[PDB]
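Trainee: Here it is, the structure, as structure tokens.
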4 protein chains.
Amino acid sequence: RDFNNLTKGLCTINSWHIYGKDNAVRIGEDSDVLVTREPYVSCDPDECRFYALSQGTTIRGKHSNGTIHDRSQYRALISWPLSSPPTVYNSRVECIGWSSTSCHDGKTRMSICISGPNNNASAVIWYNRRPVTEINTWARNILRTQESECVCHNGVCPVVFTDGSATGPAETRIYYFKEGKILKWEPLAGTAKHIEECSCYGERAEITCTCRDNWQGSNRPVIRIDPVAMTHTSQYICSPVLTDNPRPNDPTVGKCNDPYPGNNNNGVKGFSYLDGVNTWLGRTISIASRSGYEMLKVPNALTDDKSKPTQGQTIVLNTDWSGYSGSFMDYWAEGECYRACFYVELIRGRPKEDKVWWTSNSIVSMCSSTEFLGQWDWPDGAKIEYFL
Amino acid sequence: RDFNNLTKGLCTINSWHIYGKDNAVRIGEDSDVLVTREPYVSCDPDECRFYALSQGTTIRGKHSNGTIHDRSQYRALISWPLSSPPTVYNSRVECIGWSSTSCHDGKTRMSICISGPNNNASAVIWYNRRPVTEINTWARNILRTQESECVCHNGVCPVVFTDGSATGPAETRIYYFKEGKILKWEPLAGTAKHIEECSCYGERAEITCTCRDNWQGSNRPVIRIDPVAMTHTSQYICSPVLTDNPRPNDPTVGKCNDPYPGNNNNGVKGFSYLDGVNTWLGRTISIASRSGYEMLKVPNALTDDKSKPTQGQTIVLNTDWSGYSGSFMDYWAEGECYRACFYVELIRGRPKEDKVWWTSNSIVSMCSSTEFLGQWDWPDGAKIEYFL
Amino acid sequence: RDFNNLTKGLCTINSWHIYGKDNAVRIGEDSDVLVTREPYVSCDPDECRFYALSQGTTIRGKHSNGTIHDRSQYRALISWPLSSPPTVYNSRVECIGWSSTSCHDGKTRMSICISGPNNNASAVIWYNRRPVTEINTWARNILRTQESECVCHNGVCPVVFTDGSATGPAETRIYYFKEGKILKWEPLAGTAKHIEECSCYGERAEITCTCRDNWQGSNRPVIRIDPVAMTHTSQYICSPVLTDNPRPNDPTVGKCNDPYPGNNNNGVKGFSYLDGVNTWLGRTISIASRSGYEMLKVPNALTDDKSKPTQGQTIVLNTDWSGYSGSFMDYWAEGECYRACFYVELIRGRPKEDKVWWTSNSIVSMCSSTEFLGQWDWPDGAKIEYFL
Amino acid sequence: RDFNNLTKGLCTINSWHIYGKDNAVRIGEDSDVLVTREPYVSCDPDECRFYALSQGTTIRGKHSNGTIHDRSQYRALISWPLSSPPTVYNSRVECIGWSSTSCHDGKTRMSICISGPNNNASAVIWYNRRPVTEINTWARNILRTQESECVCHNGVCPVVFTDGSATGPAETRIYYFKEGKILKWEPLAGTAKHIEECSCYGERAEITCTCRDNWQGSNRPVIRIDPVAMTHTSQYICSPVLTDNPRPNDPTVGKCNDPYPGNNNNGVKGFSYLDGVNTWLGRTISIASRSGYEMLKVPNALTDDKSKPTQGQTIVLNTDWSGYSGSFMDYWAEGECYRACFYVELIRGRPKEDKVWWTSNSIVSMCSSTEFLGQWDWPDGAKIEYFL
Ligand SMILES: *[C@@H]1O[C@H](CO)[C@@H](O[C@@H]2O[C@H](CO)[C@@H](O[C@@H]3O[C@H](CO)[C@@H](O)[C@H](O[C@H]4O[C@H](CO)[C@@H](O)[C@H](O)[C@@H]4O[C@H]4O[C@H](CO)[C@@H](O)[C@H](O)[C@@H]4O[C@H]4O[C@H](CO)[C@@H](O)[C@H](O)[C@@H]4O)[C@@H]3O)[C@H](O)[C@H]2NC(C)=O)[C@H](O)[C@H]1NC(C)=O
Ligand SMILES: *[C@@H]1O[C@H](CO)[C@@H](O[C@@H]2O[C@H](CO)[C@@H](O[C@@H]3O[C@H](CO)[C@@H](O)[C@H](O[C@H]4O[C@H](CO)[C@@H](O)[C@H](O)[C@@H]4O[C@H]4O[C@H](CO)[C@@H](O)[C@H](O)[C@@H]4O[C@H]4O[C@H](CO)[C@@H](O)[C@H](O)[C@@H]4O)[C@@H]3O)[C@H](O)[C@H]2NC(C)=O)[C@H](O)[C@H]1NC(C)=O
Ligand SMILES: *[C@@H]1O[C@H](CO)[C@@H](O[C@@H]2O[C@H](CO)[C@@H](O[C@@H]3O[C@H](CO)[C@@H](O)[C@H](O[C@H]4O[C@H](CO)[C@@H](O)[C@H](O)[C@@H]4O[C@H]4O[C@H](CO)[C@@H](O)[C@H](O)[C@@H]4O[C@H]4O[C@H](CO)[C@@H](O)[C@H](O)[C@@H]4O)[C@@H]3O)[C@H](O)[C@H]2NC(C)=O)[C@H](O)[C@H]1NC(C)=O
Ligand SMILES: *[C@@H]1O[C@H](CO)[C@@H](O[C@@H]2O[C@H](CO)[C@@H](O[C@@H]3O[C@H](CO)[C@@H](O)[C@H](O[C@H]4O[C@H](CO)[C@@H](O)[C@H](O)[C@@H]4O[C@H]4O[C@H](CO)[C@@H](O)[C@H](O)[C@@H]4O[C@H]4O[C@H](CO)[C@@H](O)[C@H](O)[C@@H]4O)[C@@H]3O)[C@H](O)[C@H]2NC(C)=O)[C@H](O)[C@H]1NC(C)=O
Ligand SMILES: CCCN(C)C(=O)[C@@H]1OC(C(=O)O)=C[C@H](NC(=N)N)[C@H]1NC(C)=O
Ligand SMILES: CCCN(C)C(=O)[C@@H]1OC(C(=O)O)=C[C@H](NC(=N)N)[C@H]1NC(C)=O
Ligand SMILES: CCCN(C)C(=O)[C@@H]1OC(C(=O)O)=C[C@H](NC(=N)N)[C@H]1NC(C)=O
Ligand SMILES: CCCN(C)C(=O)[C@@H]1OC(C(=O)O)=C[C@H](NC(=N)N)[C@H]1NC(C)=O
Ligand SMILES: *[C@@H]1O[C@H](CO)[C@@H](O)[C@H](O)[C@H]1NC(C)=O
Ligand SMILES: *[C@@H]1O[C@H](CO)[C@@H](O)[C@H](O)[C@H]1NC(C)=O
Ligand SMILES: *[C@@H]1O[C@H](CO)[C@@H](O)[C@H](O)[C@H]1NC(C)=O
Ligand SMILES: *[C@@H]1O[C@H](CO)[C@@H](O)[C@H](O)[C@H]1NC(C)=O
Ligand SMILES: *[C@@H]1O[C@H](CO)[C@@H](O)[C@H](O)[C@H]1NC(C)=O
Ligand SMILES: *[C@@H]1O[C@H](CO)[C@@H](O)[C@H](O)[C@H]1NC(C)=O
Ligand SMILES: *[C@@H]1O[C@H](CO)[C@@H](O)[C@H](O)[C@H]1NC(C)=O
Ligand SMILES: [Ca+2]
Ligand SMILES: [Ca+2]
Ligand SMILES: [Ca+2]
Ligand SMILES: [Ca+2]
């Protein structure tokens, strides 16, 4: 009908309830399930769907061998019904590429896929299921994007790309699209030293993205965007509760405008809901690997450099694998406020489970509740020994 | 369009005709069919569908091993087209949980799934396919619900939950929801000593649920609910024709307000249509196990403590397995009255058939006819030896 | 929108062009295809679909063993998209039963399935996908019907049932339904001695059914029905070109009101388009078995007892199997006249091909052309040796 | 709504971006994928889809043996969602035949399938999913058509057929259809000596088809059609950059009205966008086999007999197989101009890869960009050794 506008604020988050889970690897052991990675969730005004980058093969298929590799000509952005597994028969391809983002603006959906050689990649923007705009690589080093949904406000959907080095300063830009066309683009500003895979959400006409500094920060950079004035700024989450991975152990005081040193040249896509005292951070439990996952309420994490957890909820136990995690919300749900949600990718296979030759994942997603619900852990659930 | 109101009464039930059958286990022997249990049927104004709690694996899949267990993080409430099997490709997930109920109010459908640890479970109410309300456990002992459809009247859909002990007094409540929100909740009243898995139907603005006393009753408790005044009352079916399982042999006189003693700490979900002389009870044939199934016309069973069968119809022979059974009706069918219907879960696998390591079921459902139709038996039809 | 009325007459039939073919057995050798038999084709105002009675198992499944048997509790009437195979995932169940018919009246579709023991079977009429009317057996000997589509005119859809002996006089009735309700029913009249599996079509407000005399006739009975006056009459096709199977060799003169003697207690469902000089008969090529299939233009076959073929078209070669065949037409196609069509069931497996333990079929269907198109044969195409 | 009119001209083509890729053979190694060949892409006003001629079997199925053969009764024109593989469950059959074409006129789609013996084949035209017109063979030697989409303008959709010898003069006609009916037909005119498998597109009320001279030309014939005046003319592409296959090496000067001699009795379907300086030709890289594929900008190729490439883009590397290629465009995309697109069939199996007994293909399709995007190669991606 009309373009969606971010007119509400977040609901109070007192706990998290189970929203969706696809059990993809359990089911894929004996069904035509596609091998995937880099999943996310994204809503249209009438349906919320699961998304991920397919590897172009089923788990049990012979071509599943080698799917640890990130970029090839056989990947494509696919969507499928919420909580169903990504099967060969119920999956809709959105576009061809090894990096992506997608969001509905209220009228229709925009999907962006990037494909190509490391030095000659290009993004092709789709709007209403047709290619509209194309952007060629500017730094010649793996043009890449969010890997989770973008957000729009009155037709304008900012998207964050990064092109260049994974472990140095790189060239990051914020494009503002309206109906698949580019309205403008900015170089990254503020104090964030490196930006990768931003996880964004929107409330009260402002857009917040919690990204990943793959270079030196163990604390996460934040990009606040103003979709009306088409400007932005960046900093790091101040709190000592570090949320990247691998990372150092939490100190007693954090940094607001510089990476917290410790681990270099690595990370994991993650997110956070930053809302004053109503602030929750997500992080792997393990500081060493992508294992376990928990949510922690850390009031004023963004600005308070001594902020520590006041509440928590375990999502995945530290004995179970996790992986990418990002935010999304149903901007079209009835209600006075926007209910915060997030997904967690549960990686199975390589590199950790070397007994199999493939790498895939399933998804678990939760949304907030104003109640103080009891908690449960949500592991992938597949038994690797059944695949040998 | 508008909220449905229960304005009609039941049609005269002179016999039962075959409505739907999915042959799930026969077909699943060589198709990607999901392992399920606790099925039911429920109609929308334009389509009637099959529902059940998936186990998150196919029958032939390796993860089918162990599916006798009731609660895990891999179950989800799924729906699929009438008479089709619950396959990985044609099943729609309604919500994540190991206990559930669902009903259409005329405008849209409400689904409720419960998940969690035995001591920290929570119900999340979905309305129009979005989470709306959440309820945390009140007795810390397996918050659970109906396992068959709820019923609505003018926007209000009462639902019966029970939390606490399976074999003692427990805390049972009747919530009245309207558009996914709670309007009110009551503690159970009347003479019923224990309530579990209520099977409900509605006629002439009153809602009747035949439940299960897992503690000491072999006769079934009944909860009559008034969706307008939002009140209720409870008693037991008076008739000596006992319908729980396992149960004693029928006496010559039954009890109206106390459990009929005999078997303790066990039962099976069942239903009954209680309508004066137009009253039919469903029960397993076997008093010892979930085997066979028959319908018996027992005039005034609810109130007449000496009422005995005047007519009958065998559904499943006593040599074939049965299981849960419950009521539903197409409140949107053309007609002067509501046609009574019911489904019977046909369990295959463990505990009875120990040759396989899984537990699943198929479904048979019938609706009433005013004719006196000939009868036939409707077994599951799968040959277990093909699965070894 | 509104009830369809048979206002046109047949188009001139100068040849037959290929309409649909599903290649079900070729494809089912390595896909989840349902075992079927007794197929037909039937159109809705916006789509034409394939129909058949499923056996409740896939061809490759273990339960495919034994599917030569006609009546069991595992059969159901299913429909699927034109030219697709009847797969477990794209098939819609219309109703449960081992005998059936179905037709769209312009507003919605009526489907009738019969199920039960040989001596206590019952038909349940569905209209707009809900059960509406039920009819119990009247002769206690396998209540059965057409096995191909019925036809409607202004809301009234006559259907021919037969109950009783397969090899003697039996009790045949013509019901006239309107919106799933019975308007009236007649005993069979005229000279036809036995009626089974009528294949009907309609033109210029009259309905013609070519049926099967399983008792003694090798010539086919015809039932002409008047859907307005709700009356009918019956006779036999006069022509010496015999179309039942098994049958004697063609004589030089046929019979108009008595069965042509020769073979007893056997037959095959077939059809014919009877339209003066524009008359075409379909028959197996083999007089001994269900093998081969051809269409022959025999002017005035219905009334001319010495009528012989003036033109012909081979459909299936006599080295390939055939089986049931029946008529249908798209009453909603644009045009000045109704284009005659028909389908042929191509049976594979038992009884003829005893190397496998199953019995199934694929379908070939053609429609008329006013052109004189070249001909081709359309065999099933599966290689049985691949199934051993 | 209303008939589409070709009111725009081509967009400037500075490079090609990835549009769709199905990875059919990789995925089909372990999924129910149909064996196909002769694919193409075609858009409706609201969705663009993949099309191809099925072989009536899955790749892994036993009937896949022998699918190198072109014409049989088991082929059918099928369509499926863009970028999905052609699976048994998500494929819609358009018509039965071993040669075809299809296009949407703005109101609905017309599909034409040809089937039959080599000497008695016939085309049956479908419009709005119903058979409408039929055309019998005129030369008695494999009546055949485009094998890619036709184009319409104000209800009129010209289609090019050829009947007769594959290696001599044959009888080629241009039919002009409107709503499935024939408005007129012409014999081929102009200087083209042989016409086969025309690839057409439309801009500014003119229709251009680049076909294949299987007889003696290594340069491609072009048919320009005027859908309003219903007339046409033919010539050959003047450029020395030869685009058929197998072909001689490029000379320094080409021919405008005579086949360029070199290779006889062979070729491959291909296409070209002929637009003054905005002209791009597609060709296999290998002059000897269907291997590799590239696009070359050759300004004024149609008329300039000395025109050579000024720019290029590799699509498939010469070490990877290619095959048929053709044009299509989304005539219903928003925009000031029509974005040129094309597909390339990537054949796997026989004749080149004799280790397997089947022949199938996957598809890669691109559309133009006004940007100068980086290039990447897009091979089929399947590893044949996994199929042994
Ligand atoms: C029914 O459900 C209810 C509701 O869920 C249950 O109640 C909830 O119970 C939760 C579990 O106790 C509780 O969460 C906890 O809340 C406290 C604040 O009150 C919070 O501090 C906890 O988080 C710390 O501890 C967990 C491990 O237990 C860590 O994994 C977590 O990271 C937090 O500690 C780490 O960081 C801190 C800050 O830097 C450090 O001070 C601390 O040392 C620790 O650091 C080490 O570990 C880090 C992680 O590996 C590492 O990076 C670092 O380097 C150090 O090595 C936790 O969130 C909920 O608040 C509570 N909610 C409510 C409403 O009651 C109840 O149990 C259930 N009922 C039953 C019967 O079970
Ligand atoms: C064509 O179709 C028609 C229509 O279906 C067929 O006619 C129908 O035939 C039905 C079968 O006879 C008939 O049902 C019976 O109706 C009588 C009343 O007339 C009813 O009492 C029967 O039910 C008792 O018997 C069955 C076993 O036969 C039991 O399984 C059932 O539970 C009932 O008995 C038990 O409970 C009673 C009450 O307490 C006791 O008095 C009795 O002893 C027995 O108790 C023992 O068994 C219990 C169950 O295991 C156990 O818990 C307890 O502890 C005791 O051990 C039955 O419903 C239909 O009424 C009839 N309908 C019509 C319209 O005619 C016809 O056969 C078909 N045609 C052909 C040719 O076959
Ligand atoms: C390109 O396509 C065109 C168009 O299709 C081709 O032309 C068509 O060619 C058809 C084949 O010749 C032709 O059909 C024939 O038409 C004649 C009438 O002209 C018709 O009589 C033929 O039917 C008889 O013969 C076939 C076998 O050839 C039998 O199977 C059939 O049953 C008919 O004969 C049987 O019944 C008759 C009547 O009772 C008897 O007189 C006769 O003896 C025979 O009886 C025995 O066989 C019966 C069947 O088994 C059995 O029950 C009985 O007891 C006896 O044993 C046939 O229909 C088309 O008319 C013609 N159409 C046109 C427009 O031209 C052309 O070939 C193709 N082009 C090329 C190059 O091939
Ligand atoms: C990032 O991406 C950009 C954009 O893609 C890359 O830049 C592009 O790079 C392309 C590759 O160089 C370039 O294409 C080339 O453009 C030239 C014109 O400038 C064109 O002539 C080239 O085509 C000839 O060469 C290729 C092989 O290299 C042949 O396969 C092709 O057929 C053309 O040559 C053949 O035909 C000619 C005309 O007849 C003959 O003169 C020539 O001898 C040759 O003939 C033989 O081969 C034929 C084919 O087998 C055979 O039939 C015949 O008989 C003879 O045997 C090619 O298209 C793009 O123009 C360029 N685009 C832009 C915007 O820059 C860049 O590399 C990427 N970045 C990085 C870091 O890699
Ligand atoms: C490129 C350097 C930093 N970066 C963002 C990564 O390397 C990410 O790593 C991971 C990862 O799991 O850590 C997967 C991503 N894979 C993927 N999106 N296909 C990949 N991104 C790209 C574009 O390949
Ligand atoms: C909890 C005590 C009484 N009760 C209602 C049961 O135990 C029921 O038993 C059975 C059963 O088959 O008897 C299955 C139900 N399983 C299930 N719904 N997943 C289960 N309910 C729950 C919540 O687990
Ligand atoms: C009953 C006597 C005559 N008759 C019509 C038949 O026996 C038919 O035979 C055949 C047959 O192939 O000849 C299949 C039909 N099978 C079927 N419709 N399932 C069957 N009809 C019924 C009702 O079982
Ligand atoms: C008939 C002579 C020229 N010609 C156009 C061909 O032979 C084409 O060859 C090829 C081919 O791959 O070269 C496949 C086509 N196969 C196919 N469309 N099924 C076939 N056409 C027909 C009608 O069979
Ligand atoms: C968003 O705001 C714009 C004006 O600022 C308005 O035109 C549009 O309709 C609004 N969207 C909705 C969904 O109301
Ligand atoms: C149910 O009753 C309410 C008023 O009591 C009415 O507004 C509503 O429209 C009724 N529902 C239908 C389907 O008529
Ligand atoms: C199923 O699981 C049990 C316990 O996990 C194991 O002993 C048994 O062998 C398994 N059954 C099969 C067929 O693998
Ligand atoms: C069929 O005829 C009836 C009246 O005899 C008419 O009301 C109806 O609309 C007609 N059907 C159509 C499709 O015109
Ligand atoms: C099919 O069933 C029969 C009888 O039930 C049995 O003898 C036969 O071996 C079975 N065929 C196969 C392949 O199992
Ligand atoms: C195409 O042109 C015809 C008149 O020449 C017009 O009637 C039709 O509406 C036009 N199509 C569109 C889509 O405007
Ligand atoms: C395929 O068919 C040929 C000839 O029909 C046969 O020789 C060959 O062995 C078959 N290939 C396979 C794998 O069966
Ligand atoms: Ca980092
Ligand atoms: Ca009990
Ligand atoms: Ca007979
Ligand atoms: Ca050539």
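Scheme for the structure tokens: letters A, B, ... for chains in order shown; per-chain residue numbers from 1; ligand numbers from 1 in order shown.
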Please check the contacts: residues of chain A at most 7 Å away from chain B, using only C-alpha atoms, listed as a ChimeraX atom specification.
Mentor: /A:18,20,23,26-27,29-31,83-84,89-90,333,373-376,378,386
Trainee: Go ahead and save the picked residues with C-alpha atoms, as a short mmCIF file (atom, residue, chain, number, x, y, z; two decimals), in the first residue's frame.
Mentor:
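Contents of again13.cif, as written:
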```
data_model
loop_
_atom_site.label_atom_id
_atom_site.label_comp_id
_atom_site.auth_asym_id
_atom_site.auth_seq_id
_atom_site.Cartn_x
_atom_site.Cartn_y
_atom_site.Cartn_z
CA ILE A 18 10.78 -18.95 20.86
CA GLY A 20 10.93 -19.94 14.81
CA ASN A 23 15.59 -28.09 12.49
CA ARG A 26 17.98 -33.13 11.50
CA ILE A 27 15.41 -33.15 8.69
CA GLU A 29 19.58 -36.10 6.89
CA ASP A 30 16.70 -37.67 4.96
CA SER A 31 15.07 -34.96 2.81
CA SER A 83 10.23 -22.67 10.36
CA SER A 84 10.25 -24.91 7.31
CA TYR A 89 11.05 -27.68 -3.52
CA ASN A 90 9.77 -24.87 -1.27
CA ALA A 333 2.66 -6.45 13.49
CA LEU A 373 9.45 -16.21 30.63
CA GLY A 374 11.34 -19.30 31.68
CA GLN A 375 14.30 -20.21 29.51
CA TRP A 376 15.31 -23.30 27.51
CA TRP A 378 17.75 -24.45 21.51
CA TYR A 386 24.13 -40.36 11.34
#
```
Trainee: Neighbouring residues of ligand 14 are defined here as those with any atom at most 8 Å from a ligand atom, counting only C-alpha atoms and all ligand atoms; list them as a count of residues only.
Mentor: 8
Trainee: Ligand 18: which residues are within 8 Å, counting only C-alpha atoms and all ligand atoms? Reply as a PyMOL selection string.
Mentor: chain C and resi 212-220+244-247+263-268
Trainee: So that I can see what lies close to residue 318 in chain D, please list as a PyMOL selection string the residues with an atom at most 8 Å from it, counting only C-alpha atoms and leaving out residues fewer than 5 positions away in the same chain.
Mentor: chain D and resi 285-286+291-293
Trainee: Save out the residues we just selected, N, CA and C atoms, as a PDB file, in the first residue's frame.
Mentor:
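Saved result, part.pdb, follows:
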```pdb
ATOM      1  N   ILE D 285      33.027 -20.008 -27.702  1.00  0.00           N
ATOM      2  CA  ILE D 285      34.435 -19.602 -27.829  1.00  0.00           C
ATOM      3  C   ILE D 285      35.077 -20.560 -28.837  1.00  0.00           C
ATOM      4  N   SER D 286      34.804 -21.839 -28.650  1.00  0.00           N
ATOM      5  CA  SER D 286      35.319 -22.856 -29.525  1.00  0.00           C
ATOM      6  C   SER D 286      34.646 -22.814 -30.882  1.00  0.00           C
ATOM      7  N   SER D 291      31.388 -25.171 -26.714  1.00  0.00           N
ATOM      8  CA  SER D 291      32.212 -25.014 -25.549  1.00  0.00           C
ATOM      9  C   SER D 291      32.598 -23.563 -25.344  1.00  0.00           C
ATOM     10  N   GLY D 292      32.449 -23.098 -24.115  1.00  0.00           N
ATOM     11  CA  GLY D 292      32.738 -21.716 -23.803  1.00  0.00           C
ATOM     12  C   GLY D 292      31.643 -20.820 -24.353  1.00  0.00           C
ATOM     13  N   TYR D 293      31.594 -19.582 -23.897  1.00  0.00           N
ATOM     14  CA  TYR D 293      30.604 -18.651 -24.413  1.00  0.00           C
ATOM     15  C   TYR D 293      31.032 -17.244 -24.043  1.00  0.00           C
TER      16      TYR D 293
END
```
Trainee: Select from range 277-352 of chain C everything DSSP, run on the backbone, classes as strand (DSSP E or B), then give the selection as a VMD selection string.
Mentor: chain C and resid 280 to 283 291 to 297 311 to 321 325 to 328 338 341 to 349
Trainee: Taking only C-alpha atoms and all ligand atoms into account, report as a PyMOL selection string which residues have an atom no farther than 7 Å from an atom of ligand 1.
Mentor: (chain A and resi 240-242+248-250+285-287+294-296+308-313+372-375) or (chain B and resi 119-120)
Trainee: Keeping C-alpha atoms for every residue in the selection just given, could you write it to a file as a PDB file, in the first residue's frame?
Mentor:
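Result file is again_6.pdb:
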```
ATOM      1  CA  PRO A 240      33.185  -4.034  29.122  1.00  0.00           C
ATOM      2  CA  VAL A 241      30.850  -6.964  28.234  1.00  0.00           C
ATOM      3  CA  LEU A 242      32.641  -7.780  24.945  1.00  0.00           C
ATOM      4  CA  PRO A 248      39.527 -11.325  25.413  1.00  0.00           C
ATOM      5  CA  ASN A 249      37.871 -11.848  28.781  1.00  0.00           C
ATOM      6  CA  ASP A 250      35.659  -8.955  29.953  1.00  0.00           C
ATOM      7  CA  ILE A 285      29.354 -17.925  25.438  1.00  0.00           C
ATOM      8  CA  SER A 286      32.772 -19.125  24.376  1.00  0.00           C
ATOM      9  CA  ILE A 287      35.436 -16.426  23.969  1.00  0.00           C
ATOM     10  CA  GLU A 294      23.340 -15.853  25.363  1.00  0.00           C
ATOM     11  CA  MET A 295      21.499 -12.570  25.695  1.00  0.00           C
ATOM     12  CA  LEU A 296      22.443 -10.146  28.505  1.00  0.00           C
ATOM     13  CA  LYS A 308      27.662  -4.841  33.430  1.00  0.00           C
ATOM     14  CA  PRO A 309      24.778  -7.356  33.034  1.00  0.00           C
ATOM     15  CA  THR A 310      21.686  -7.029  35.189  1.00  0.00           C
ATOM     16  CA  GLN A 311      19.789  -9.985  33.695  1.00  0.00           C
ATOM     17  CA  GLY A 312      20.329 -12.783  31.190  1.00  0.00           C
ATOM     18  CA  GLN A 313      18.941 -15.616  29.083  1.00  0.00           C
ATOM     19  CA  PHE A 372       9.711 -12.851  32.395  1.00  0.00           C
ATOM     20  CA  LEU A 373       9.447 -16.209  30.629  1.00  0.00           C
ATOM     21  CA  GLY A 374      11.341 -19.295  31.679  1.00  0.00           C
ATOM     22  CA  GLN A 375      14.304 -20.209  29.509  1.00  0.00           C
TER      23      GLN A 375
ATOM     24  CA  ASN B 119       9.799 -26.545  35.285  1.00  0.00           C
ATOM     25  CA  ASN B 120       9.982 -23.394  33.238  1.00  0.00           C
TER      26      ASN B 120
END
```
Trainee: So which residues of range 180-387 of chain C fall under helix (DSSP H, G or I) by DSSP, listed as an MDAnalysis selection string?
Mentor: chainID C and resid 384:387
Trainee: Do you know which residues are within 8 Å of ligand 7 using only C-alpha atoms and all ligand atoms? Can you write them as an MDAnalysis selection string?
Mentor: chainID C and resid 37:38 53 69:71 98:100 142:145 147 165:167 196:197 214 266:269 323:324
Trainee: Hey, which residues sit close to ligand 11? Say within 7 Å, counting only C-alpha atoms and all ligand atoms, and write them as an mmCIF file with C-alpha atoms, in the first residue's frame.
Mentor:
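Final file, result_38.cif:
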```cif
data_model
loop_
_atom_site.group_PDB
_atom_site.id
_atom_site.type_symbol
_atom_site.label_atom_id
_atom_site.label_comp_id
_atom_site.auth_asym_id
_atom_site.auth_seq_id
_atom_site.Cartn_x
_atom_site.Cartn_y
_atom_site.Cartn_z
ATOM 1 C CA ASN B 65 14.972 -43.080 16.609
ATOM 2 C CA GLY B 66 13.641 -41.935 19.957
ATOM 3 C CA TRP B 357 12.715 -47.449 17.100
#
```
